[PDB]
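Examination of the molecular architecture
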Amino acid sequence: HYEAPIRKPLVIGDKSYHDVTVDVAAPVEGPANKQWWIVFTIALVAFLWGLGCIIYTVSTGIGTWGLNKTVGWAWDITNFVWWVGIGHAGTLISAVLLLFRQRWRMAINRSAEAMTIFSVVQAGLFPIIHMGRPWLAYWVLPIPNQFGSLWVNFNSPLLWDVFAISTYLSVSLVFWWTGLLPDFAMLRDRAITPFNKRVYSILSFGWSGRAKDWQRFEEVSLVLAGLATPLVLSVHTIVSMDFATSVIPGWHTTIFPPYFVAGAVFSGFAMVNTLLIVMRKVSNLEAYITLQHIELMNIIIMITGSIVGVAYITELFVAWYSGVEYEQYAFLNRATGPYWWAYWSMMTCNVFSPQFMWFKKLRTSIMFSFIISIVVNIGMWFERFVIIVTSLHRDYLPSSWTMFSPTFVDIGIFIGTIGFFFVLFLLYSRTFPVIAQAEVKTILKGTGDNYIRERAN
Amino acid sequence: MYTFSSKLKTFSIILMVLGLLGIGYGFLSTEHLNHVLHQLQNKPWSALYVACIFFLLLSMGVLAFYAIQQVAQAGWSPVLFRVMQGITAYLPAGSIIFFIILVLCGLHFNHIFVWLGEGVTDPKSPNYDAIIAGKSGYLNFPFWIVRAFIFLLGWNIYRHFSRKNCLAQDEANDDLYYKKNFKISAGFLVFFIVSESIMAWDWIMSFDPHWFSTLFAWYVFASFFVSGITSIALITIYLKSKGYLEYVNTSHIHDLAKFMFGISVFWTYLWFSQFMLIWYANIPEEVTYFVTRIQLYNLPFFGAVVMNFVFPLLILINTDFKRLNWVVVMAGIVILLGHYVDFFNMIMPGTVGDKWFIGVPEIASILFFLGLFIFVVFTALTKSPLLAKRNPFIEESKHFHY
Amino acid sequence: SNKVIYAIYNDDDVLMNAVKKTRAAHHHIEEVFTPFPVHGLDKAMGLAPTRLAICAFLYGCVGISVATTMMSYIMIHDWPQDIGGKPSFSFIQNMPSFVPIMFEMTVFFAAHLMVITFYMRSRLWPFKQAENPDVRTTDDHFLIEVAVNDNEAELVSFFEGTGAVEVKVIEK
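Residues numbered from 1 in each chain as written, not as in the entry; some residues may be left out. Chains lettered and ligands numbered in written order. Part of a larger assembly, values for the part shown. Heavy atoms only, no water. Residues with missing side-chain atoms left out of burial classes, pairs and counts.

For this entry, the PDB record names cryo-EM as the structure determination method and reports a resolution of 3.40 Å.

This is the structure:
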């Protein structure tokens, strides 16, 4: 054909068509081990305890939280936007990499989708839990009623957020689900038990793979990828405008709509990378997730990290350039004040972590990159925390200046969402086809350590 | 090689004469008039400034893309690199002219910038402005010149060695120049991002020392990067129609068409978010920026939205149309005009305000630099063969289809 | 009482050769079944282009009419109250605050209405009976089926030439 000799193989082990399907189907076709049950139990307990904390604070009062009369938001919306940021990784991997014809994405796409459907859901709890009277939440929708057709306004970003999140999730759900049709077909055709036979004959639709069916299938995925990238940007931007549209010094800005997005990409891939690292060893799919996939994840993280760095110095320049004392003081408060440790630990992580990737000896290391990928998520949690808290406890009228400290029920709810995340993801890995077969089988001949060697001789 | 048309020479000469003459013409024509007369005297000056910065950044919009395509190891771009190299020959000449203009401001031959005027910093003067004086640690003139100067070297050096090493790679039995350029381009892109942010502050936001905004430079970047892409496409269409390109087909055109489409939408995104975040919570300080634009430059302000969004929105969405030469040429022209207007809109209200118009001194500067640009680019194409030699990705690009 | 020839292959290379030969020899192909996308099959078969993209664009246009008629009714023509200093006099005035919703609605309808169009035209739903003529085809083996007119002997001898891994003649 015409492939360049420069490129390295994406498939290792001289694997054929049966080799690939057997490898991927194997974890679905067998039983879970003791270690799986131990981990599962732990995640479940954390989740159930978290539910108890949620019920308690809903039924007894928000005053059980560490919120103040000054600081109305902290840890509730902090964790909301943190989970939202995480849930943009999969929609980049399956849509953006698609649009740029990035072949290596084929071994990631499926698990990347799991990362958004199990994290957007976590975020969806906070918009309800923090509410003062959540049983009246249905009033948010513009539904004809007995109050003289009393409506809602359409000027608040909190309402815009309702539309952004509910449609973001809805669209992504049908997108990744459609991609499962040819993979469930390969499981219903195993039918080792009549129970499983029934299950996969129902999970799959009548997907008898045919010329016409595949033709349409490809076109649908192209359209949805085209629509998905705009959603990735617009949804996180609507979230961003909860602070950008304010009158509060330190929040009012124009940099947030692209800034928070860059951060979302950065933190999302850092999360994904840690799960792929443990996945390729537990599931034994290291022949599909190679060091080239890991290296490329590291490179992207490096790139977006530098974008964030530029935005940090942009804000500081403008603050100095501006003659507004209130904006300058807000930045002085972050540099030196009672929350200095949140600010400086945040900056330490975001500034230096992505810069280690310039060194090949560090970038090409599953050990080093595993550690760094974890660190990034810590720094990004503080990124969200610092912006919200440091800008509220200090503002107009010195008499209103205060502090802030969270309680065990603020912490507990967050722990609960983490536990739930892992319950869902862990169960996913034992029932779903973790690697798309329809995708891999279109690249097995184009790339791999067999065919390339053939081309070279 | 590339045989010069033997007609474009005289064509570009005509543009460089009629435009030049029009420029010359433009400079031959209580406290109320102290305002008005400065607005009138600035008209033929900002008419040149906007033309130079437009074409200067136009060239930079190609080099940014060039560096990206090599770093990203594109498998369809190699066949078009010679054209891109030919286009980015303007920069080492256009940047000279632009720099000279900056010097002329420094030597007080105009009133283009406010903070470069006399008596602004000192408190012993009727021209004293405390707000501007407080920003003098950044606006200090000799710092502004040096800071501007080194940005030009940081772009011109890259251009020079990129070409030099490429030609060396064409005449070698191993690699070493490919990898050399790979490393250089990566370094360039890092530098570029930093110099881009500062550049916008110094050359565009410096027209209004009483106004600031975050997300300005990224907006500016998009406003020229998009136009850079369309200029690439238009040159390759021309050369192809004249029989000078081989291994070029509608899939290469299509790929560029959809590329420029997506990034033109991105420009619109940035435009709106900047506007709305001021409009939504109109804290009066920093709001007059839009007040004086909406009330005066009504059609320019909103027309720039339509031409850079609405028009291509209903054109470059049909994949069959993306392969048609006249569809692509048409859209390219509209986009270029739209971004010219974008720069016009950003600069004009700060120099002439309500005395603005699009007559002789504006048209003349456009045509002058148009002719200059054409002359340099097509001359450059005769100094090197199209379709580079041994290159690690050229064999697949010669068979590229989509 | 029609019979169908089931030509079972091994790779895309032999499919492309086989399909092109049936086109040259004028053997009407009834269906082609594959475990994964070929990226040259519909071209060789001569299948007509899809129109799903043409289906959505229109769905997006429906979405924008919904978003704008909703908000222009409620906010300025039913209760034109003041919420802040926002001018609710017209729809030009206070337009920017409606953009975040209008955008999301056009994508929402463009996406979901064409996905269900795909399922309706491809006949896919949760309790639909699967139509695999040979179980092995999903994991592996490619299948081209051609109906028998009357000359079973030569129709089979044709399929016994290129890519003849397994050839079956099955009634109905």
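So, the overall build of chain B
Where we set the bar: Strands here mean DSSP runs of E at least two residues long; helices mean DSSP runs of H or I at least four residues long; both are numbered from the N terminus. Only the C-alpha atoms count toward the radius of gyration. The rule for a globule is 2.2 Å times the residue count to the power 0.38.
Broken down by element type, chain B carries 15 helices and 0 strands. Scaling as 2.2 N^0.38, a compact globule of 402 residues should have a C-alpha radius of gyration of about 21 Å, and chain B matches this with 22 Å. By principal-axis analysis of the C-alpha atoms, chain B measures approximately 70 × 45 × 45 Å.

Here's the deal with the interface of chain A and chain B
Quick note on the threshold: Residue contacts follow a heavy-atom distance rule, with two residues in contact if any of their heavy atoms lie within 4.5 Å. Simply put, the buried area is the total loss of 1.4 Å probe accessible area from both parts when two parts are fitted together. The working definition used for a salt bridge is a side-chain nitrogen of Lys or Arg within 4 Å of a carboxyl oxygen of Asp or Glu. Any pair of nitrogen or oxygen atoms within 3.5 Å is treated as a polar contact; in protein, a donor-acceptor pairing is required on top of that, and neighbouring residues in sequence qualify only through side-chain atoms on both sides. Residues are grouped as follows: nonpolar covers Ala, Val, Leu, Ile, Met, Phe, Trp, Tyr, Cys and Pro; charged covers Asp, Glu, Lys and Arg; every other residue, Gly included, is treated as polar.
Counting from both sides, the interface comprises 34 residues of chain A and, opposite them, 35 residues of chain B. In total, chain A and chain B occlude about 3200 Å² of area from one another, counting both sides; carbon and sulfur atoms represent 72% of this. Sorting the residues of chain A by area buried against chain B places A:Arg101, A:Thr254 and A:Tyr321 first, and these three jointly supply 23% of that buried surface. At the junction of chain A and chain B, the tally comes to 2 salt bridges. The partner of B:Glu396 in a salt bridge is A:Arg7, and the shortest N-O contact between them spans 2.8 Å. Run the count over chain A and chain B and you get 9 residue pairs in polar contact. When contributions to the side of chain A that touches chain B are tallied by element, the ones reaching two or more residues are α9 (157–178), α12 (211–244), α13 (256–282) and α14 (291–321) of chain A. Its residues placed into classes, the side of chain A that touches chain B shows 21 nonpolar, 10 polar and 3 charged.

Let's talk about the packing of α13(A) against helix α18 (residues 366–390) of chain A
All names here are of chain A. Our working rule: Here the axes come from fitting lines to C-alpha atoms, over the contacting stretch only for helices, and the angles between their N-to-C directions go from 0 to 180 degrees. We call a crossing left-handed when the near helix sits turned anticlockwise from the far one by less than a right angle, and right-handed when that turn is clockwise.
It is at 9 Å that the axes of α13 and α18 come closest, and there the two elements cross at 145°. Crossing of α13 over α18 shows left-handed handedness. When its residues are assigned to classes, the contact of α13 with α18 shows 14 nonpolar, 7 polar and 3 charged.

A closer look at the state of the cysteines
As a reminder, the rule being used: Criterion for a disulfide: a pair of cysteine sulfur atoms at a distance within 2.5 Å.
With the rule as written, the count across this model stands at 0 disulfides over all chains. As a non-bridged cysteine, B:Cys105 has B:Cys52 as the owner of its nearest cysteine sulfur, 11 Å distant. Counting only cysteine sulfurs, C:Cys61 is the nearest neighbor of C:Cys55, a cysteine outside any disulfide, at a range of 13 Å.

A look at the pattern of salt bridges
The condition that has to hold: With a 1.4 Å probe rolled over the protein chains alone, any residue whose accessible area is under 20% of its type maximum counts as buried; one over 50% counts as exposed, and the rest are partly exposed.
Per the stated rule, a full pass over the model turns up 29 salt bridges over all chains. A salt bridge links C:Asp13 to A:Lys445; the nearest nitrogen and oxygen atoms lie 2.7 Å apart. Placement of C:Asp13 in helix α1 (residues 12–24) and of A:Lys445 in the loop between α20 (437–440) and α21 (451–456) is noted, with the two residues assigned to different chains. Residue C:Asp13 is classed as partly exposed on the basis of its relative accessible area of 45%. In this structure, the salt-bridge partner of B:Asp255 is B:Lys258, at a minimum N-O distance of 3.5 Å. Here B:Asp255 and its partner B:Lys258 are both found in helix α10 (residues 250–279), 3 residues apart, which amounts to about one turn of the helix. Residues joined by salt bridges that share partners form a network here, namely A:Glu29, A:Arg190, A:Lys441 and C:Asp139.

Focus: the layout of surface pockets
Over the atoms rolls a probe the size of a water molecule, and in doing so it shows where empty space is left. All names here are of chain B. Quick reminder of the rule: A 1.4 Å probe that fits into a set of points on a 1 Å grid over the protein atoms alone but cannot get out defines a cavity; an open set with protein on both sides within 12 Å along at least five of seven lines defines a pocket, and lining residues are those with an atom within 4 Å of a point. Grid points are joined across faces, edges and corners, and a volume is the space filled by probe spheres set on the points.
Size it by volume and the second largest pocket reaches roughly 1200 Å³. Lining the second largest pocket we find 39 residues, and of these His35, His111, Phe113, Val114 and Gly350 sit closest to its centre. Counting residues per element, the ones that place at least two in the lining of the second largest pocket are α2 (32–71), α11 (288–294) and α13 (325–351). Residue composition of the lining of the second largest pocket, grouped by class: 18 nonpolar, 16 polar and 5 charged.

Regarding the pairing of strand β1 (residues 3–8) of chain C
All names here are of chain C. To be explicit about the condition: Here, any two strands with at least 2 DSSP bridges between them count as paired.
By the criterion of burial, β1 is predominantly enclosed, with 5 of the 6 residues buried. Bridge count between β1 and strand β4 (residues 166–171): 6 bridges; the pairing is antiparallel. Bridge pairing links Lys3 to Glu171 in β4. When β1 meets strand β3 (residues 143–147), the two strands line up antiparallel, connected through 5 bridges. Each bridged residue has a counterpart across the sheet, and for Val4 the counterpart in β3 is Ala147.

Let's talk about the sheet that holds β4(C)
Backbone hydrogen bonds are what pair the strands of a sheet, in a parallel or an antiparallel way. Residue and element names in this part refer to chain C. Read across the open sheet, the 4 strands follow the order β2-β3-β1-β4; overall the sheet is antiparallel. The strands lining the two open edges of the sheet, one partner per strand, are β2 (31–33) and β4. Across this sheet, the average inter-strand angle for adjacent strands is 20°, counted without regard to direction.

Here we look at the interface of chain A and chain C
Counting residues at the interface gives 57 residues for chain A and 58 residues for chain C. Those elements that provide at least two residues to the side of chain A that touches chain C are α1 (17–25), α9, α10 (181–188), α11 (194–203) and α12 of chain A. Split into classes, the residues belonging to the side of chain A that touches chain C amount to 30 nonpolar, 16 polar and 11 charged.

Remarks on α14(A)
Put simply, the test is: Multiplying 1.5 Å by the helix residue count minus one yields the expected span of that helix.
Compared with an ideal rise of 1.5 Å per residue, which puts 31 residues at 45 Å, α14(A) spans 45 Å between its outermost C-alpha atoms and is within 8% of the ideal. The opening residue of α14(A), the one whose side-chain oxygen lies 3.1 Å from the backbone nitrogen of A:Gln292, is A:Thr290.

What about the side chain of B:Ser227?
All names here are of chain B. Turning to its location among the elements, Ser227 is positioned in helix α9 (residues 217–241). Look at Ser227 and you get buried, because its relative accessible area is 1%. Those residues in contact with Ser227 that sit more than four places away from it in its chain are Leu58, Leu336 and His339.

A word on the packing of helix α16 (residues 340–352) of chain A against α18(A)
Residue and element names in this part refer to chain A. Put simply, the rule reads: Just so you know how the angles are binned, under 35 degrees is roughly parallel, over 145 roughly antiparallel, 65 to 115 roughly perpendicular, and the rest oblique.
Taken N-terminus to C-terminus, the directions of α16 and α18 make an angle of 140°; their axes are 8 Å apart at the nearest point. Taken together, α16 and α18 sit at an angle that is classed as oblique. Crossing hand, α16 versus α18: left-handed. On α18, the residues that touch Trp341, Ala342, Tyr343, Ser345, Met346, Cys349 and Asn350 of α16 are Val375, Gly379, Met380, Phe382, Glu383, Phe385 and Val386. Grouping the constituent residues of the contact of α16 with α18 by class yields 10 nonpolar, 3 polar and 1 charged.

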